[PDB]
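# Notes for the structure review
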Amino acid sequence: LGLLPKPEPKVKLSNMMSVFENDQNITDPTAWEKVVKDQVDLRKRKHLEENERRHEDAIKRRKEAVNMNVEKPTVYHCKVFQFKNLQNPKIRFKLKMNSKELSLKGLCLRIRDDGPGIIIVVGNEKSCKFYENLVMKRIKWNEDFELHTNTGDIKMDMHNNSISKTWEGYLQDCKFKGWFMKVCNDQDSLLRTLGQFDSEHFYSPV
RNA sequence: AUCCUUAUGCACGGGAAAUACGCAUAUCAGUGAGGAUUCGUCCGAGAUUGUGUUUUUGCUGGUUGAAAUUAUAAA
RNA sequence: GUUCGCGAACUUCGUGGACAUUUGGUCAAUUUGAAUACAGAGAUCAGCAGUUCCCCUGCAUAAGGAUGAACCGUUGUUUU
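Note that residue numbers begin from 1 in each chain and follow the written sequence, not necessarily the entry's scheme, while residues that lack coordinates are absent from the view. Here chains are named by letter from A upward and ligands by number from 1 upward, in the order in which they appear as written. Note that the chains on view sit within a larger assembly, with every value limited to the chains on view. Only heavy atoms go into the side-chain values, all of them from the structure, while hydrogens and water stay out.

- Structure determination for this entry, per the PDB record, employed cryo-EM and reached 3.7 Å resolution.

So this is what it looks like as structure tokens:
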């Protein structure tokens, strides 16, 4: 009740020989072949083009969508860990980038660079879990690594270093505005820093 | 950001089948349908009824035949 | 009586069989107030898509994993 488009015959290289609606099918053999192969390509290309378009639009959406979603978080899972040492760059990098990725409110404090330190990680539960996994399974805090400096590249054998999850709880409010990794010269300083969020307790002296 | 799992949705592509595939102001149904069994047990999702098509829906193309047939106008 | 056969002088005598019958056989159609018709009016070949179920492939969403990536992050005259 329209004739707004038209419906043609879907040829392929197995039909090819059997379609006669479109002309030239034996007349101009290679022309016909080109047409049919070309058609097939278009079909495939169209499919691929469609996929590409979808990919694009999704991407466009996602950026906007993230920005839009400033939802009010009802409850925050938290996990606070502590490590004997982290003179490795790699571990630090992991802690950073992962945190950045996962909207992970928290920090990683420590004493005297080489000394022991704490991580406090907070957010949605899945993210927290992921972080924990990264800490415990993915990273080896008992690995031997290299320090790159001007004086010389220093080998750091650390079989002694280890990592433990202290806490794994739910915090009434997450007072951590972001992920504020730090170092301190002393324990008192560290404590003070911790209490900037009105919460010292996360640390555990052993 | 990279790789994978599942489900789905959209499609390319490749197949098989339409004896199949629906629909319901229906009756029942994981608060058990229908089935297994070595008999101790086991699987666990439709069944009943009614009914619409079902040697097929929608469209295209050819040959043909069919009989396939040619405008006006001035000297 | 009507046929076929055989014995005696086509023709005739002597003789042995067999001898029903009709129903089941109306073209329709049109023009009638019997004529026209005349058996009664798309075929065949071939694509494609649809429907269902499957498998693959790429994309999307949901979820859910796994993994990577250096390095530290935030609460009295020259360097003021």
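On we go from here.
### Digging into the domain arrangement of chain A
- Taken domain by domain, chain A comprises domain 1 (1-73) and domain 2 (74-205).
- Using C-alpha coordinates to define each centre, domain 1 is positioned 52 Å away from domain 2. A domain assignment, automatic or from a database, supplies the domain bounds used here.

### Focus on the protein's contact with RNA strand B
- RNA strand B sits among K10, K12, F20, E21, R43, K44, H47, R54 and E101.
- Here a residue is considered near a molecule or strand provided that any single heavy atom belonging to it is located within 4 Å of it. Of all RNA strand B atoms lying within 4 Å of any protein atom, the proportion belonging to sugar or phosphate reaches 65%.
- We call two N or O atoms a polar contact when they sit within 3.5 Å, provided that within protein one can donate a hydrogen and the other can accept it, with sequence-adjacent residues counted only if both atoms are side-chain atoms. In the environment of RNA strand B, a phosphate oxygen lies 2.7 Å from a nitrogen or oxygen atom belonging to the side chain of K10.
- The separation between a base nitrogen of RNA strand B and a polar side-chain atom of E101 is 2.9 Å.
- Each helix is a run of H or I in the DSSP string that is no shorter than four residues. Each strand is a run of E no shorter than two, and both are numbered from the N terminus. A per-element tally of the surface near RNA strand B places helix 1 (residues 29-68) first, with 4 residues.

### Focus: the packing of helix 2 (residues 89-101) against helix 3 (residues 125-138)
- In this description, a line fitted to the C-alpha atoms serves as the axis of each element, helices being fitted only across the stretch in contact, and the angle between N-to-C directions of two axes falls anywhere from 0 to 180 degrees. Here helix 2 crosses helix 3 at 160°, and the two axes come no closer than 11 Å. Relative to helix 3, helix 2 is oriented roughly antiparallel. In terms of crossing hand, the pair formed by helix 2 and helix 3 is right-handed. On helix 3, the residues touching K94, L95, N98 and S99 of helix 2 are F130, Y131, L134 and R138.
- When the residues that make up the contact of helix 2 with helix 3 are grouped by side-chain class, the tally is 4 nonpolar, 2 polar and 2 charged. With respect to orientation, any angle under 35 degrees is reported as roughly parallel, any angle over 145 as roughly antiparallel, any angle of 65 to 115 as roughly perpendicular, and every other angle as oblique. In this scheme the handedness of a crossing depends on how the near helix is turned from the far one: anticlockwise by less than a right angle means left-handed, clockwise means right-handed. It only takes one pair of heavy atoms within 4.5 Å for two residues to be counted as in contact. Side-chain classes follow a simple rule in which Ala, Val, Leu, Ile, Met, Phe, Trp, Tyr, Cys and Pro form the nonpolar group, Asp, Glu, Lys and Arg form the charged group, and the remainder, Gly included, forms the polar group.

### Some thoughts on unusual backbone geometry
- Its identity is not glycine, yet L3 carries a phi of approximately 45°, on the positive side.
- Looking at the element boundaries, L3 is found in the segment before helix 1.

### Comments concerning the pattern of salt bridges
- For this analysis, a salt bridge means a side-chain nitrogen from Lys or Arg found within 4 Å of a carboxyl oxygen belonging to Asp or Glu. Tallied over the entire structure, the rule returns 10 salt bridges.
- Between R53 and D57 there is a salt bridge; the shortest N-O distance is 3.3 Å. Of this pair, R53 and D57 are both found in helix 1, 4 residues apart, which corresponds to roughly one turn of the helix.
- For the salt bridge of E132 with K79, the shortest nitrogen-to-oxygen distance reads 3.7 Å. Here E132 is found in helix 3, whereas its partner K79 is found in strand 1 (residues 76-83), with 53 residues between them in sequence. Here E132 matches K79 in class, with each residue buried.
- What you see here is one network of salt bridges that share partners, running through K79, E132, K165 and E168. Note on exposure labels: buried denotes an accessible area under 20% of the residue type's maximum, exposed denotes more than 50%, and partly exposed covers the range between, all computed with a 1.4 Å probe on protein chains only.

### What to know about the protein's contact with RNA strand C
- Within the structure, RNA strand C sits among 29 residues, and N15, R92, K96, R110 and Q196 are positioned closest to it.
- Protein-proximal atoms of RNA strand C, defined as those within 4 Å of the protein, fall in sugar or phosphate at a share of 68%.
- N15 is positioned with one of its side-chain polar atoms (N or O) 2.6 Å from a phosphate oxygen of RNA strand C.
- One of the side-chain nitrogen or oxygen atoms of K90 is found 3.1 Å away from a phosphate oxygen of RNA strand C.
- Of the residues forming the surface near RNA strand C, the biggest block, 9 residues, is contributed by helix 2.

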